[PDB]
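Undergrad: My questions will all concern the structure given below.
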Amino acid sequence: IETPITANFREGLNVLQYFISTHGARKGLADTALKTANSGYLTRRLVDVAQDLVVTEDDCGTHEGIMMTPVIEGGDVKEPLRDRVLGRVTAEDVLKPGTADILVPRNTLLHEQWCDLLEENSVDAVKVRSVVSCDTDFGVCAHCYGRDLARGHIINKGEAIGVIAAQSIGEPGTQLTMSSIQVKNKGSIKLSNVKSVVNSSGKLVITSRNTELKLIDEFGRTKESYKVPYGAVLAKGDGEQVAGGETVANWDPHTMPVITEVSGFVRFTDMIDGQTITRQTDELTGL
Amino acid sequence: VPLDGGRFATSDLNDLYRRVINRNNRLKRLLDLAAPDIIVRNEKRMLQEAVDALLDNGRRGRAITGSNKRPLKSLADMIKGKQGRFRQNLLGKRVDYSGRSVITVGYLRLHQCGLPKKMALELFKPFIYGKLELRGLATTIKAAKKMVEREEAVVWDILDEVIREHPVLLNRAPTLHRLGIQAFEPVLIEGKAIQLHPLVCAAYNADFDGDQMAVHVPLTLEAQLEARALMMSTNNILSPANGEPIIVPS
Amino acid sequence: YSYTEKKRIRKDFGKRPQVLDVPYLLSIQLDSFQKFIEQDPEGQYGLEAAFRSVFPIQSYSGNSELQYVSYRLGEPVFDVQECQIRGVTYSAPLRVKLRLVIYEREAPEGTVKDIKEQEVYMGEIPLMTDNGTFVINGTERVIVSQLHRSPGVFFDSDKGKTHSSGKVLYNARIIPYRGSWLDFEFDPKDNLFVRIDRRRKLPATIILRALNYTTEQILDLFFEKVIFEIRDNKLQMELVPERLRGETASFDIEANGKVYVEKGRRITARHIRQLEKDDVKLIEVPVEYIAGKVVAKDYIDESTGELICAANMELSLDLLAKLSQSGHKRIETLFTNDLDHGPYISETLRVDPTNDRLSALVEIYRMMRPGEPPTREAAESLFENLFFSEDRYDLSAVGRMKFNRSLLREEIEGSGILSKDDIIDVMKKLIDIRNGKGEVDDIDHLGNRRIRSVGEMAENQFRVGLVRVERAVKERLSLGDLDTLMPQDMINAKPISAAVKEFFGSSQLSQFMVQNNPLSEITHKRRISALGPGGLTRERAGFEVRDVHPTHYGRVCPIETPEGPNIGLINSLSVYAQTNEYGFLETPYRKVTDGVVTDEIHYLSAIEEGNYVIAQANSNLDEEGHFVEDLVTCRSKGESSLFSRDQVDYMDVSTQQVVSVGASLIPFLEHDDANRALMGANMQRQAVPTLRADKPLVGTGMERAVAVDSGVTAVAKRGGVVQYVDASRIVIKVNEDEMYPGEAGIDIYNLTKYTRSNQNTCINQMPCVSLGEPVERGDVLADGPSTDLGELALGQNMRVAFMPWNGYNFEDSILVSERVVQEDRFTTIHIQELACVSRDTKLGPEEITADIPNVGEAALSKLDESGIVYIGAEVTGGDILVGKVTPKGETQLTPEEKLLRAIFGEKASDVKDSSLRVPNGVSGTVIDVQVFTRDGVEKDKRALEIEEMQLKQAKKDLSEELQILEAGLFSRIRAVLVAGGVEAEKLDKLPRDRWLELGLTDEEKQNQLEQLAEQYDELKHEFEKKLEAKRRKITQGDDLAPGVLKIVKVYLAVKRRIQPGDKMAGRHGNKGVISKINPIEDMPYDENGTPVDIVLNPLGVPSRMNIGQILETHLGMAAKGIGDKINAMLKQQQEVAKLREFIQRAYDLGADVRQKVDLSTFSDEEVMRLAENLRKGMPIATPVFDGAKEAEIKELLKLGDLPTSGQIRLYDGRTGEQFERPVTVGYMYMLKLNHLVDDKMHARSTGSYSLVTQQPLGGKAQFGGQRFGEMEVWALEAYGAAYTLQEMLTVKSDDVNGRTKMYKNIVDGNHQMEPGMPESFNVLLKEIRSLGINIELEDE
Amino acid sequence: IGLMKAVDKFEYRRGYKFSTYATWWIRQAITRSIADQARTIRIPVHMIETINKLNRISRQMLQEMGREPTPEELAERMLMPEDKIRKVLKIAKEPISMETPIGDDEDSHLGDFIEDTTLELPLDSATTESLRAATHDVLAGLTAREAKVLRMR
């Protein structure tokens, strides 16, 4: 509604303003009275599959697990590597940025001291042991799970992890009822999986879709991630040390170009008029 | 079974069995009568339909209704669905040694709950019977029942030490997560409402606006030990979902 | 002002004048039932309409018929009081007079051969009490009105159902009042389909052809014509200019001498304008443009008479050549358009497999009744019965009106039968909607929803009963006798009474009427529900039927509704809402004539509200001239905007008209969030009456209305002077101007003392008047259960402080005083009824006696020799109210107990103790016992003493009525002799007996004397007969359920005080639970020493957003300050003039308050009484949206010598030092809610067990255990406590030999576990095994 | 079944149409079937005949008087003792169900409100055990001959 409730509760409300607010009040109340039934159904469905998850071994001795990376993508970092790996167990001899500096013999409990040691270094990728990778038959092993969260020590055998998992992810169900690229901070403009090519102006342009814009700080870890589509134009090259507040990439959100990576004569080949193409000329430009 | 007012009550299975065996006897009579084939076919189809309704009423054809114009429930209707034996009688079960009361605020310690004295003698009643027999105060168990019915001073003098070091579970429906069930060490209060420690209200998602509380008393040594070791509110400090604490002052 | 208004005047802060007073609140029920009761010979409403709908009814052969003549309701045999006492429905017999007409086939018109006139009885019709409720089986019950989709035609649409295309699929819908339903639907391929009663879709040509419609005329009705001409060389086409709507010109359009649109070019409006200019109609067309068009008529050649091209066939070039050579220049073709006239009907004929009417009827029969072979006549009979039979189809007047209005027809009246024109018009309207002209209507619009009240469903059930009767009369007349058949013996009254009884009591819409408060009464009788027969269900209802539609404004309040799953399905109509003659809600309004707001009131429905613009009640009127501002806020078309003075057509009657009655009682509503206002209004209905009612200091002004409209108070019918009162009776000598010249003219008001409610609460009325004071018409006499001097008073009001106190109000908890407990501000009385039934078991009849085995005489001290507790005997939990003995069957004697019998020698006789005991934890006093006994069985001496007490009471009250009636009748009995001569020397001197023997005179006095003698003969013989009837009725045997001998009812009165645990709530959604009881010296006090008695959490205000409680607290402080000053100056008695001056100064405080109360007209005694009444604190009225601003509160606090800020410093009661910051303290109206703590207290160690599954029962009433649901099982197995789970699943509930030994070894002090197989698994095994599938256990 | 039983009983030589004779047998078959079957608790044909007569007579009384027929007043029409009328009215009980929705929603059937009145209370079992122990010890406190004679008696 365009007319706002200019009044407040200290000054009271008109009859019209009260009637308008009642719409939203009833909407919210009905949504609350309705969607938690679906939330309870979802919790029951979740707890049904995870009945048999009970820790059975301590170490299944499995191979490599899964990679771990922060959430730097999209915009600013939401959750860093500090809390995404707190309580996990590594799978390989993960090493510090200085070569041949190993802190774990393929498995250790990443309690607070190890998190501090890791964040002190410039490590950004750690491979930890996950439940999906566990090789235990008819259950999971304790080391493939990680330390318990209610206690803080390594989880002991016999504890039913599926039920607590389903309950924990079903509890908040009620509460959840409802062209250009600009750099923000100083860093290194890094292009990953880039098919680089030079435009007519001598700058750098892109000819692929599997390329991502990365912001690398002085330490080496990636801070910001951005998406660049195929056939975009970049105002800066690769490996450029620049500060934030600069529009580096420009592309038309509507026009999608077929830019040719090579240079040479362009003669019209295999376009015969009247069968596949039509003769149309611009009425203002003439080109 | 007979009812108090001289009436009767029965399951619909009696109706379905009567129907199927009536039609089976009629078919048996028809066979030896050398009846025309169309009538015998009609009777066989009627038997098929009757057995079909017995096994699953509203599955093949129209549901057979009783005298109240409601569909008769088959014996497959009462093992399936929300109201069946599996969900209503096997997974979730009515329980003994339990009570309910409104919830009020506590000065209380974190491991204690305020249990009304009027409820305590009822919940633990066999325990008072046994302890009072052991003390030799009443000759027989029926005498002890008389004493607990008179509420003499001795029954309270036995209660205050029966409850001590005997944890008691507290339940607040709906139990969204594992913290909805916790064990507290009872303390006896003159009143009618369950006194709850404010620090656990956040975990219970309970406010003092008329919410109820279900109370359960563990019986065996193993159950009391499990309540003391795993279910005590002192043990539950951090949520199982994630490491942050759950006893934050609200 | 009325006389009893002078005794307490509530200050009103309302600014805008009140134009229309609030209507009678129960009119919605009273008028609806009145229409069902009264006889309307010309009207069709109620019993007359129901009878004339069925009657006359004729036999199958037509040789006889029944003619309904008239009907009459007999006098109800039992009054409401004895109906409630004896547990019988309050009803009256239905007597109907009807006729018999007999026809004979020997004479072509032998109509008159035999006639039968008699009055036959059928059915019992429950009556409506004066208060607008019903009494069914001795229990108070009300029927709520239903809100259902109105009969008529509605059109709908689809939003993304077809994901493949995303098109919008419009559909039409015909829903009659009763009968089969008809639906018209579209398809993504743009074809028309029909559905009957939600069956499979069928092409629409089927229903067209079923009405004897050929293809030619169908196409003519649903399309236009294209003229085709051949001038022996080329094709001439007659062009309509308004047909080329911007399409592509396939060929080069030309004219007589000009060419306009080239090939493959668009046609812009300039070409059509030029075509209109030059007026050229005939244009030449090529063959290529012609192929692709469909013909509109069959064509044959007259040379041989064979078909050339059938209708609805797309012709081609060879077809054109054939038509040309056959000599057919005149050709007509359909007009197809992609934008305005789609070929939906043409496509439908393409999909149609049928060809003639018989095929269509056969297809309809096959669709409706699959499997049964079709028949030549059965198909047409079924089709006629679908929509063209009065008995099996009806649209009703409302349905016909809505149908015609949606069809844009001018007719209002019509027929309830469908016609071909009706279906054709509906289809044409749907096709127009699909094309784009017209708009699909809205389903939850209040113009499309109808209110069905109790009279309507009652008449519907009566129609069902008459249909049941006709089902048997049709055969009874056909097969029965022709001459000796009396109509009485051939009719049956069981079906009609059965149907009406099922509706009254076994239906969903009739439920027990809430009786906690008069407000609960009003808000339950003024209730609108969307459930029941023909309505939604909570599981089915979605969102559109729950949200607040913009048309609810002024008809249905948006604040008062349940918070559960049915939040949008149960509503309550607003204060001023009414009902059309059709059943549509409308709201009053004030007409505006050229900027002048005339006071005449108009009622507009929802459909008419959108046409005009309505100025809201926030506008200011400049002395019946114009408004204050040039631009005035209004609402139109469901939206709000700003309009000039002249545009305004209507004005809201009052600012109170949006909210309902229950939500209107909240003061300062406009300062409350809607969420909390909803819960406050809901909780307001759950208040419990207290020992003494306390007026709300901060009210709204409609308490005086709801209290007198509830009917719980004794209102004076006729004005007069009070002559004599008691605690039970009030008599008034009516003034001479209301004395009818025929009767005494003295009224009796018999109060109702402590009586059980439906919710076990006390009802009493106490006289609020004194001896010898004047009373007026419509004036209150006795206060109701929760009323104070005629004003509704749900709860009490006392000091309240907003401050956190040691955590005792941690989370919405309440801290309460010991002082409030001492003065019983919340003590409530509860009345319980306990029934002891004695039946005749086959082992022997049960007996009620004081002789009971193995019971000490101490427990029998409260029983008389007859075994019944004395009246007034205080009884605690566990005592024996009535001693009942049942014969004991043969009992097996084990070796040990028979050894004991041999040792001690006692023998148990044929006796078993089954006496009624007071349930545990209940203590009270027996206030009444009632004994009913079967006819034939001898009555016990207790029953005899009750009977003689009732006899003496009946005699005494009949005689007292005699004295009252005659004390006024003497004003005519004596005065007639006084007429024609006063004889005061000898008339008054002689006793009244010696008054008819006065001096003899002419025959006129002889006629007067004989008339008076006849009157005295009446008096003699009108009153011994009724005494005899009452005596016979009391001593008459009581009809009881078969198998019982006597029933003893015992009434228990429980006085319940406040405890930690009881639910306390305010009027703003701020509920709570009493946490602890605080000593009086333990709580905060101000410098004056007065301690606050309620302490509330300040933190509950901001997040909850209910600010109205702060304003109410400030008003309470101001009002109590005014009362304190008045009381302080009254204790000294300065001067009556000084009191008058101060009260007058306190009564004019607002800027432009409506009322101007002047005390100069009050006498000294009148002023002193008024000051005494408000000595406890002057009460203040605050309308919902015209309340006092903060400025008035500040002025009132200044008047009372109170701080402007509204907060003062308090000192802690424990340590005694001033708090750091000022704390707001005032008077707030608390409520005592029905959620007591002892009613929710429960605990169970070991008790009853269910029968089929051997598990403990549930519920406090049957001493059931708590339910350990599956979520808590999940929680335990998440903990890992396997042993607690094992005991919770085996030894707690379903181990028959497990729980017993667990009991035994717990008693022996050994808490050892012995598992077992649950019985609930054994029943599952036996059930699966009995289903035909093997199930076993693989043992080792 | 009745029609089959009537076909052979019928003879053309009687000079009557088949329907007249077949209607009697069909009515008898249907009435007997409703008599024996159609009730959870079977009632003999005699007593259901009597209850049908009571229903007809009560309808006839209610047609004229308009009030319920008094059992004392029913003896005049039935010409049989008023105790027989009460006995007849006794058995009119028809079983209802175990799943009648006693409450308002589909959550509380009548089967959940039915108590098992055939189980001894655990207190009674405990008393029996205590009594057994008391008797055992008190008999151990006697002479052997007396103890054995009391037990074996």
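Going by Swiss-Prot, the residues shown for chain A are 755-932, 948-1056, listed in order.
Going by what the header records, the deposited coordinates were determined by electron microscopy, 3.2 Å.
Each residue, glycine too, has its Cβ placed from N, Cα and C.
For A:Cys814, A:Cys888, A:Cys895, A:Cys898, the entry in Swiss-Prot reads Zn(2+) 2 binding site. According to Swiss-Prot, the feature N6-acetyllysine maps to A:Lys983, an assignment based on experimental evidence.
On this model, are these features tucked inside or out on the surface, and what's nearby?
TA: Within the same chain, residues at least six positions away from A:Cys888 (Zn(2+) 2 binding site) with a Cβ under 8 Å of its Cβ are A:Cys814, A:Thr816, A:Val894, A:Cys895, A:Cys898, A:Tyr899. Secondary structure from DSSP puts A:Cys888 (Zn(2+) 2 binding site) in coil.
Sequence-distant contacts of A:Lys983 (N6-acetyllysine), defined by Cβ-Cβ distance under 8 angstroms and a gap of at least six in the same chain, are A:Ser957, A:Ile958, A:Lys959, A:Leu960, A:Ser961, A:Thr991, A:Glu993, A:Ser994, A:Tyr995. In three-state terms derived from DSSP, A:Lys983 (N6-acetyllysine) belongs to an extended strand segment.
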Undergrad: Would you mind pulling the DSSP three-state label for A:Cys814 (Zn(2+) 2 binding site)?
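TA: Where A:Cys814 (Zn(2+) 2 binding site) sits, the three-state DSSP reduction gives coil.
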Undergrad: Can you check what DSSP calls A:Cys895 (Zn(2+) 2 binding site), collapsed to helix, strand or coil?
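TA: DSSP call for A:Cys895 (Zn(2+) 2 binding site): strand.
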Undergrad: For the binding-site residues listed here (A:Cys814, A:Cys898), tell me which residue's CB has the most neighbouring CB atoms inside 10 Å.
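TA: Most Cβ neighbours within 10 Å: A:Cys898.
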Undergrad: Take the Cβ of A:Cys895 (Zn(2+) 2 binding site) and count every other Cβ within 10 Å, whichever protein chain it belongs to.
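TA: So the Cβ neighbour count for A:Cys895 (Zn(2+) 2 binding site) comes to 22.
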Undergrad: Same chain, not part of A:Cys814, A:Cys888, A:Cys895, A:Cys898: whose C-beta falls within 8 angstroms of the C-beta centre of the Zn(2+) 2 site? Give them in sequence order.
TA: A:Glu811, A:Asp813, A:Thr816, A:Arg883, A:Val885, A:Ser887, A:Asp889, A:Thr890, A:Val894, A:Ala896, A:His897, A:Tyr899
